[PDB]
Amino acid sequence: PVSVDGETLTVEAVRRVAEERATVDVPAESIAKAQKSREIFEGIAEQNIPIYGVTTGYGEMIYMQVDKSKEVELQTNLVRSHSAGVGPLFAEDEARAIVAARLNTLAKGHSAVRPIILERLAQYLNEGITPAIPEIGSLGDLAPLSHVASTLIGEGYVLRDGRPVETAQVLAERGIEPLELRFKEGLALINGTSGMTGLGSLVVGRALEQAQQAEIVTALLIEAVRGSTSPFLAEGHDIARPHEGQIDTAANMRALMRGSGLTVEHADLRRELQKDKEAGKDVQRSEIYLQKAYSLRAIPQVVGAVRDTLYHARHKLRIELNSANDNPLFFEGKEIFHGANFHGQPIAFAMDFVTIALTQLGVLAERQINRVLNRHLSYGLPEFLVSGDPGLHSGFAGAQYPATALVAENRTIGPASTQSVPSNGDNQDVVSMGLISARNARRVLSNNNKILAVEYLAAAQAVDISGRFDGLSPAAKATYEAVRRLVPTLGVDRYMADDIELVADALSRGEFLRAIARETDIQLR
Amino acid sequence: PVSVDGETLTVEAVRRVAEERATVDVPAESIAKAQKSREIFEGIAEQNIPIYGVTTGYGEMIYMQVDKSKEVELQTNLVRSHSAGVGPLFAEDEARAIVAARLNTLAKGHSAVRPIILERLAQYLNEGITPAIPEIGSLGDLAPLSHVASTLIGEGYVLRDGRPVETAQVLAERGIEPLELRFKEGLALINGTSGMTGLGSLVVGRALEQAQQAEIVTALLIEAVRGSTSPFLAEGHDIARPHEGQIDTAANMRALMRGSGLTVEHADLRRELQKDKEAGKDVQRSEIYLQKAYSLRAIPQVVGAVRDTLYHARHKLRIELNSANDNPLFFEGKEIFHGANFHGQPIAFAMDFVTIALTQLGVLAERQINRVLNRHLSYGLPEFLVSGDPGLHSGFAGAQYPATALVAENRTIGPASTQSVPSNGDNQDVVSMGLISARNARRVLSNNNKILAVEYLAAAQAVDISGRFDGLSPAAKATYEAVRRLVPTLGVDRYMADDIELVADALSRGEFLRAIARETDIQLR
Amino acid sequence: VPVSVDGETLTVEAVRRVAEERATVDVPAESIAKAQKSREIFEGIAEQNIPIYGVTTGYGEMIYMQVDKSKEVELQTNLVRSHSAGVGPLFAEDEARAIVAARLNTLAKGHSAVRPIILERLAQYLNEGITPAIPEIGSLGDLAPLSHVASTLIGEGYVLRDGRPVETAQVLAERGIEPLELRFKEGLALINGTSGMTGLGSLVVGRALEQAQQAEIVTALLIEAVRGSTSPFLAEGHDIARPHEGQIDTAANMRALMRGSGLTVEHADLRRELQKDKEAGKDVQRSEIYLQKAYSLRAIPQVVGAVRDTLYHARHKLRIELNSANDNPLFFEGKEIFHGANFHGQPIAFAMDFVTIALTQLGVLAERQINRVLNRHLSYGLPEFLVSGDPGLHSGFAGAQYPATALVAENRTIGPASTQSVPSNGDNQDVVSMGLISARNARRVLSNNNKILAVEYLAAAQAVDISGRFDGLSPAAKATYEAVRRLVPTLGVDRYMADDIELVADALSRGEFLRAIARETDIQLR
Ligand SMILES: *N[C@H](c1ccc(OC)cc1)C(F)(F)C(=O)O
Ligand SMILES: *N[C@H](c1ccc(OC)cc1)C(F)(F)C(=O)O
Ligand SMILES: *N[C@H](c1ccc(OC)cc1)C(F)(F)C(=O)O
C-alpha cells in the first residue's frame, strides 16, 4: 500500500500507483490534520472576509468580490469554465500519476479542503476510475486538472478502454454519488503542478531505467567487439573525476562486463601491441587500437552526466510531490497565505533539462549502432552485420535509418520553460509551460526506446555473427537471451519493423535490467 | 478523374485523390512512354552491365557486384530489409497522398519500371487499399516507401479501419495477385521524396485554407470590435508595398468586411476625433484610437508573409510532384543517369519554412483572442466576454489558456532540414530530414485549428454580447451562423472542451470559407 | 556610379555597391518633384490641425493623445530622442550604409511626405562618408536603429568613424554641415520602417549567393582531386528530370567549372572499368570501384540548389521591400491619409530566417566534404588526414577539421526569430517580426560558413599536391588552387593553422575565389 501523506511520497511510489495499480492510503494523521485546517478555514470563510478563489473572482477578476452564498456556484463555474483542454488524452497510467500527485498535495494539509475530497480521489485510484485528461491547455496545470476536478462532481469524462465516456454513467454505474464542491475545493483541485509533476515523475523514473538499459546493451556491445576495460576502472572516476553520475555508470559497467572472456585489460593490449612493434623503426603502423572510439570509451562521462541530470530532476520532483503546490494556503493562527506555489518553474526547468540529457543519451546510442554497422569501425565484423552474401543482402543497413532519424527528430525539440506568453489580461504575465516540458521529455524517452531497440538487435546480431556467445559474461548472456527470446538471429534479410517495435515495447517495460536482476545478482545503480 | 502523368499533377489534385477519394488515371501516353523506357532499359540489364540498384549492392555496398540471375531477389531483400519504419501509422488520407506522389513520379517515365507497377499502384488508390505506413524512419523516404512497396508484393501490412492487417489476407480477400519485383522495380518504388512530397502537399494545401479561415474570423472580429478599414485599402499594398501575399490578404479582407455597418472609414474616425478635441489645448486626451492595435491592423503584412511562404512551398511541391525523384534514371540513347534526385532538400526547406510561417499565423491568432478578451483592449466589451456576473463567472477566461499554450508549444518546434546525421557507413553523409519537416508543419497546422477554434468562438460570443449581429456584413453573418450552428452562445459558463474541439474539427474540414462560398460569392484568394 | 535611388528600381546589388564600395547615390529629379509636391499637399493638411498619426497625435499606444500643430518640431524631436535606446555592438560602416541607403530609397518613393531636404541629407551623408553609429540591438521589427540614424540628421547621437562612436555635432561642424530640424512627420518617417533588416539582409543575401558560388567552386576542385563522377551533373538529370531553378543553376556551374578536367571520370568509363573488374564466374563479387560517390560529392545540385532557391526568394522579397513605402501613415494624392502597418517586417523577417536555415545546410555539406577527404576510408586513396610525411608523428589537417565541425554545431543552435513576437507598448505592438534579429542570425551563419569553407579550400589544395594531381586539373581548378596557394603554402610538417585559416576565410568573405575564376577563365557563373 502506497502511503500518500504529502510528506514522504517518492517518484517510484508514484510509478507503482500509476503503472502497477498499487493501492493508495491516506494516513489518519493526514486525514485528521486535514479536517482541522478545514474546520478553522471554514470558520474564516463564514465571516465573508476576502479570500482568493473563495470569496473573489479568479485570476485577473480577483477584483470581483463574491459573497459566501455563492459558495458551491463559484467553485463549480470555475471547474467547468476551465475544463478547456484540447489535444490527445493522457494514457491511463499518466492520468493516475496526475491524480496521485494532486491527492498528495492536499494530503499535506495546507489546502483546507474537506477530507472527503482526498477520500474520493483515493477511491477513483483504488477503484480504477481514471479521468480522461487532454494533454494540451496547461500553461504550467489548470485545464488538465479541471478535467479531473470535473469527474469528482460527476461531470466531464472518464477514460474507459481508450475512449472518454461521460462521468455520469460511470459513476452511477459504480454506485458512487458525485461530490459537491465547497469553499476553495474547486480551486484546490486545479491549482497546482500536479500534471507536470505527475507525468514528470513517470518520465524521470523511466528515464533512469533507460540509462540502466543503455548501460546494459552498451555493455553487451563492448564485449561483442572485444573492447578495453580500462575506461571503467574505478581510479578514473571515484578518484580522478568524482561526478556522482559518472561514478555510478562506471560502477555499473564494471559489474555488467564482470567475468567476460571477450574484453581486454590494458596490460594485455599494451603487451600485444608492443609485441607487434619492430625496434628498428621510429614510427610504425599497427592494426591495434590501444583505446577504442569515444562511443565505446566515454560511456561513464556521457551517461554519467545524464544520470546527474536525472538525479537532480528526481530530487526536485520529490520535493514538489510533497509540497503544498496550491493557493491560497492555510496555517495555524497565521494570515491566509497568498503566494504562487502553483508556479511550475522548478519542474518546468527540471524536465527541460531531462529532455536535453535524454537526447544526448540517444545520440550516444545511435553512434554505437553506427560503430557496429560500419566495417571500418566494427573491429572485425562484416558490413552491416550481413550473414550471407553482402550487397545481395543489406542486413541491418536499413534498420539504422530510423535510429538516425530519431536523433535528428529529438534535436528539433526545444526547451519550453522559457516560452512563457502573457495571458488572462496580464495577471499570468509569467508562466512556466512545465507540462509541455514534461511531454517533451516523454517523447524523447519514447524515441530512445526505438533507437535502443535497434541497438539491442544489432548487438545480439553481432554476437552470433562473430560466434562469440560462449565468451560473453553472465550479464552479457542474460541480455542476449532476452533479445532472442523476442527476435531470432538475422539470416537472410526480412521485414524489420515488427522486430524493432517488439524490442522497443520490451524496453519500455524494463524487460532488460529485469533480465539482469533475475539472471544475476548484479545490483545496478 | 485526376490525371497522374508525372507532368501536370497539382497539389489540389493530390488532395482530391487523398481526401475526397477521387479516381486516378494513368494516361496512355504515360503508360506507353513507360513501356518503351522499360523495354530499352531491360535490354540494358540483360548485358549484365553495372547499374546501381539493379546489378550492385545498395548504398555503401554499391561495391558489391550482383549478377542478373538475382533480379527478383535483390529488389525484394531491399524492400524487406528497409521496411524498418517505426512510430505511429500515417492516416488513410496521408498514406494515399504518398502513394499518389510515387505513382506520379514513375508516370513521368524515367524510372524504367514495368507498366504494371504504375497500374497496380493506381488500383490500390482506386480500390481503397491503403498501405499502413509508419511515420518515422525516413532521412529524407526509404522506410515509409518500403512499407508501401511491400503491399505491392503482398507483404507488410495495409490500413484497415485504423489498424494494420497483413497484406496477404487483404489481397487474396479482394481477388488480387501480388506482384513480383523485377530489375530496379524495388529501388524505384522506395527511392524518392514521395513521403515528404505527399504529406507536404496535404499540409500546404490545408495551410492555405487555414490562412483564408484566419482571414475570415479576423474579419468577423474586426467588425465586432468596430475596427478601421484604412489598413486594408488597396493603395497601401498594390501601390505602396506590392508583396504578392500582402496584396492577396488585403484584397480578401476588403471583400470579407464588404458591406459591413459596424466598421469605420478613416474619414469618419478622423472627423469623430476632431470633433472631440477642444481648440484651447496643445495636448488633449481622447478616448478614441485613430488606429487599432497591430493584431487588428497589420493583418495584410503578417498573413501576407505567410501566404508568400505557402505560395513558394506549393511551387516547389508542384515541381517536385512532377519530377523524376528516383535513381538511377533512364533517357533516350543516353548513359544511365546516376545522380541524387532522391534528395529531398528542396522540400525539406520548403516545409521547414511552412512551419515557421504557420507558427506566426498562430501567434497572431492568439493575440487577437487576447485582444477581445481583455477589457482594456476590447474597445467596449465586458471582461472575458462574460454575459452575467463577472467574477462569479469567468466566461472565456479559461478558454484562452489552451490557445496561449499552443503558441508556446509550436515555438518548441525546430527546423529539421539542417539536422542531417551521417549514416550507412558514410555514403549518406548529407540528408535532408524532409519528412520530419513535413510532420512538423502538419503539427503546427493542427494546433492552429485549435487556436483558431477558440478565436471563432470568442468572436461569435463578442458579437451577441455587444448585440451587433444586425450590423455584421453578409460574410460576417455567414461566419457567425456557421459557429452557432455548432456551438450556442455562452450564457452561464460551462465545460468548454467539447465546444473547442467541435469548432476545431470543422476548421480542419474547411467548414468556414465553405460557408462564405455558399452564402456569398466572395471569391477568396 | 552613380546608383539611382528612386524608390522604384533599387536592387540588392546596387545597395551593396553603395554600402561596400562607396558607390555614389543620386536621387532623380523626378523623385524630388514627387517629394516636393507631396510635401506641399501634405503640409496643407497638417496645417489644419486634423488628426494624423504621429504628426498630430501621440505615438504607439499613446495615439489617444491629441497634439496641436504648434508642437510640430518638438513632437518629432522627442520621438527620435526617446526612441534612440539601442544597445549592444555598433554595426560596421557597410552595414550602416546599407541601412541608410534602404531608408533613403523608401522615402524617395514619394509616399512619406518628407521634404526633399531630408532625402538630400541622407544622400549627402552617404556620398560624403558620414556614417551613423547604429547599435545592433533593440528593434522589434526597426525603431531603435533608425532612431539613432535620425539622430545624426539633427546633430545629435553619434557617427561611426574608425570603429568608435563620435558625437555627431562635432562631426557636422568639422565638415560645415548645419544640422536639420525635423518638421511634420519627418522624425516618424525616418524611423518607422524595415530599413534595418532590409538594408542588412540585402548585404547578407548578396553575399550568401557569392558564398553559394564559392562553395560550388571548391566542391568542383575537390571532386576533381578525388576523381569523382561527372554523371551527377548531367543536364538531363535536372533541366528535364527535376527542374528546380536553383538545382539547374548549380548543376550548370559545376559542369562549367569542371570543363576540361583530365581527372574527373564519366559514368561510361566507370561501368566499363567495373565490368572488366567483374569475373563472369561468381554471381556476387566484391569490387573496390564505386560506380557512384557519397552524397556529399553527388547531391551537390539538389542541396546547393535548394539553398539557391531560398536565396532567390529572399532576394526577390528584399527587392520589393527596398522599393516599398515601408512607412506609416502614407500619402496618396487625392486620398485620405493611409493608416496601416507597412512598417511591419514580417515578409523580410521570414525571408532571413529561411536564409539562416539554408546557409546552415550549405555549411553542413561543406563540413562533410572536409570529413570526406580527411578520412582515409572515404578519401578514395589519399593519406590519412592529408599527412604528407609520417602520420601519427604528424597530424596534418586532423586539428583543422574541428573548428569546422564545431561551427556546424553552432549554426544549429541558432533558432528562427521571426516567430518570437513578445507583446509590448501597452499591447499596442502585440505582434511584431523581430526581422532584424533574423537578419543578424543569417549574417552569423554566413560569417561562420566562410570559416568552414576556408578549411575546405585548404584541404582541397592540400589534397592536390599530396596526390600530385595538379596537371590534370581543369582550367578553373588550377585557378582555384593557385588562388589558395597564393595565400597559404602547402602543408609539409605540422604547423600553427589558425592564421592560415583566417587568411583564406577573409579571402572568401570578399569574393576572392569567385574573382580568381572571373580573371583566369572564360567561365560565367550563375
Ligand atoms: N491559478 C489561478 C487561476 C485560475 C483560473 C484562471 O483563469 C480565470 C486564472 C488563474 C490563479 F489566479 F493564477 C491563482 O491561484 O493565483
Ligand atoms: N536511396 C538509396 C539507398 C537505399 C538503401 C540504403 O540502405 C542500404 C541506402 C541507400 C541510395 F543508395 F542512396 C541511392 O539510390 O543513391
Ligand atoms: N512605428 C510606430 C511606433 C513608434 C514608436 C513607438 O514607441 C512608442 C511605437 C510605435 C507605430 F506606432 F508602430 C506606427 O507608426 O504605427
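Order of the sequence lines sets the chain letters (A, B, ...), proteins ahead of strands, with each chain counted from 1. The analysis underlying the following values was restricted to heavy atoms, covering all of them including side chains, and did not include hydrogens, waters or symmetry mates.
Counting heavy-atom pairs closer than 4.5 Å to chain B, the top residue among C:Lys69, C:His339, C:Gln285 is C:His339. With chain B as partner, the option from C:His111, C:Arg372, C:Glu288 having the largest number of non-hydrogen pairs under 4.5 angstrom is C:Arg372. Comparing B:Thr56, B:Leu290, B:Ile347 by heavy-atom pairs within less than 4.5 Å of chain C, the highest count is held by B:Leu290. With chain C as the partner, the residue from B:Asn322, B:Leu233, B:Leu377, B:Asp429 showing the most heavy-atom pairs under 4.5 Å is B:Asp429. Across B:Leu296, B:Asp308, B:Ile319, B:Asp67, the residue that shares the most heavy-atom pairs under 4.5 angstrom with chain C is B:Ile319. Most heavy-atom pairs under 4.5 Å with chain B: of the set C:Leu365, C:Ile289, C:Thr310, C:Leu270, this distinction falls to C:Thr310. The candidate from B:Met64, B:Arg297, B:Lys281, B:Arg241 with the greatest count of non-hydrogen atom pairs under 4.5 Å with chain C is B:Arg241. Among the candidates B:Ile51, B:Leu273, B:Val66, the residue making the largest number of heavy-atom pairs closer than 4.5 Å to chain C is B:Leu273. With respect to chain B, the highest number of heavy-atom pairs below 4.5 Å among C:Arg368, C:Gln247, C:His316 belongs to C:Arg368. Between chain B and the options C:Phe354, C:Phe332, C:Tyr64, the largest number of non-hydrogen pairs under 4.5 Å is found for C:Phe354. Per-residue heavy-atom pair counts under 4.5 Å with chain C were compared for B:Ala298, B:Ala357, B:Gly236, and the maximum is reached by B:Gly236. No other option in C:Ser324, C:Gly58, C:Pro347 has as many heavy-atom pairs under 4.5 Å with chain B as C:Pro347.
Closest heavy-atom contact between C:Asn342 and B:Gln301: OD1-NE2, 2.9 Å. The nearest pair of heavy atoms linking B:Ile49 to C:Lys278 is C-NZ, 4.4 Å. Closest non-hydrogen pair, B:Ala350 versus B:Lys316, comes out as CB-CB, 4.4 Å. Scanning both residues, C:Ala325 and C:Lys109, for their nearest heavy atoms gives N-CD, 3.6 Å. For the residue pair B:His266 and B:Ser228, the shortest heavy atom distance occurs at N-OG, 4.4 Å. Minimum heavy-atom separation, C:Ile248 to C:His238: CG1-C, 4.0 Å.
Heavy-atom distances place no part of B:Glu278 under 4.5 Å from chain C, backbone and side chain included. Residue C:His244 touches chain B through both its backbone and its side chain, counting heavy-atom pairs closer than 4.5 Å. At a 4.5 Å heavy-atom cutoff, C:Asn425 makes no contact with chain B through either its backbone or its side chain. Of the two parts of C:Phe338, the backbone and the side chain both hold a non-hydrogen atom closer than 4.5 Å to a non-hydrogen atom of chain B. In this structure, the portion of C:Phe350 lying under 4.5 Å from any heavy atom of chain B is its side chain and not its backbone. Contact annotation for C:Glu367: neither backbone nor side-chain heavy atoms come within less than 4.5 Å of a heavy atom of chain B. Of the two parts of B:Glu320, the backbone and the side chain both hold a non-hydrogen atom closer than 4.5 Å to a non-hydrogen atom of chain C. Using a 4.5 Å cut-off between heavy atoms, C:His313 touches chain B through its side chain atoms alone. In this structure, chain C has no heavy atom under 4.5 Å from any part of B:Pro328. Only the side chain of C:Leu330 comes within contact range of chain B, judged by heavy atoms closer than 4.5 Å. The contact between C:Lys335 and chain B is made entirely by side chain atoms (from C-beta outward), counting heavy-atom distances below 4.5 Å. Neither the backbone nor the side chain of C:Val408 has a heavy atom closer than 4.5 Å to any heavy atom of chain B. Neither the backbone nor the side chain of B:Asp326 comes within contact range of chain C, judged by heavy atoms closer than 4.5 Å. When heavy atoms are compared at a cutoff of 4.5 Å, C:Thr230 does not approach chain B at all. Contacts of C:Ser296 with chain B are made by both backbone and side-chain atoms, with heavy-atom separations under 4.5 Å. Of the atoms belonging to C:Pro301, not a single heavy atom falls under 4.5 Å from chain B.
Side-chain atoms of B:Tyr289 and C:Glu61 form a donor-acceptor pair, as typed in the model, at a separation below 3.5 Å. Side-chain atoms of C:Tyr53 and B:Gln291 form no donor-acceptor pair, as typed in the model, at a separation below 3.5 Å.
Remark: C:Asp269 engages C:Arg272 in a salt bridge, criterion side-chain N to carboxylate O under 4.0 Å. Ionic pairing of B:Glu244 and B:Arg307 is not present here: no N-O contact between side-chain nitrogen and carboxylate oxygen is shorter than 4.0 angstrom. Residues B:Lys70 and B:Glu73 are paired through a salt bridge, judged by an N-O separation under 4.0 Å between the basic side chain and the carboxylate.
B:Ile44 has its side chain within reach of B:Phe330: a pair of non-hydrogen atoms, C-beta onward, lies under 4.5 Å apart.
Residue-environment remark: CD (C:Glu266) stays at or below the threshold of 12 foreign heavy atoms within 6.0 Å. Open room surrounds CE on C:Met62; 12 or fewer heavy atoms of other groups in view lie less than 6.0 Å from it.
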When the side chains of residues 413-421 of chain C are checked against the rest of the protein, which donor-acceptor pairs come out under 3.5 Å, sequence neighbours left out?
{"residue": "C:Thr413", "atom": "OG1", "partner": "C:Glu410", "partner atom": "O", "Å": "2.6"}
{"residue": "C:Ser418", "atom": "OG", "partner": "C:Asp353", "partner atom": "OD2", "Å": "2.6"}
{"residue": "C:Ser421", "atom": "OG", "partner": "C:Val432", "partner atom": "N", "Å": "3.0"}

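Within the structure, side chain to side chain donor-acceptor pair (under 3.5 Å) pairs that include any residue of residues 354-365 of chain B comprise B:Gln360-C:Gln346 (at least two apart or interchain).
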